[PDB]
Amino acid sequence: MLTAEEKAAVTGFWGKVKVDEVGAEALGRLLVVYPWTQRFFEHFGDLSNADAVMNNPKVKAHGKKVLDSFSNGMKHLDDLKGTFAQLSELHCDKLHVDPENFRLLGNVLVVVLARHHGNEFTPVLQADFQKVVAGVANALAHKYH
């Protein structure tokens, strides 16, 4: 739900994004900058500081997994709720993650793209990504809006 020209710039950019390390970085950064989200992942072992978190193989693995579904919804921009409906139910009904956190992961995602892509992360381009992250965030919030 993003004017054609907007899907174009976003999807086009997205091919240049190494999903594996953006994923890992994204998720580690979330757990460091927002220390309470750690509660959800304490099964990943040692998260006592940002070296243990950033190097923890299991955070690294989950990073790819998260951005893989992200990078999948990127192919269905007209139907976010559709795709993420299932993952909504996990996060909302089994995991009990508060929706404000989906928005926090989007924002950190944005920051990482910035870090990897320099002045190519143009202001106009970010605006589009901000629309991509709120969309995913709603999709995910779905299973109780």
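Note that residue numbering follows the sequence shown and begins at 1.
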| item | value |
| --- | --- |
| Stretch with the greater mean C-alpha B-factor as recorded in the entry, comparing 107-115 against 44-52 | 44-52 |
| Segment of higher mean CA temperature factor, 6-14 or 117-125 | 6-14 |
| Residue with maximal Cα B-factor (values as given in the PDB entry) among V33, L27, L80, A61 | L80 |
| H76 CA temperature factor, ranked by third within the chain | highest |
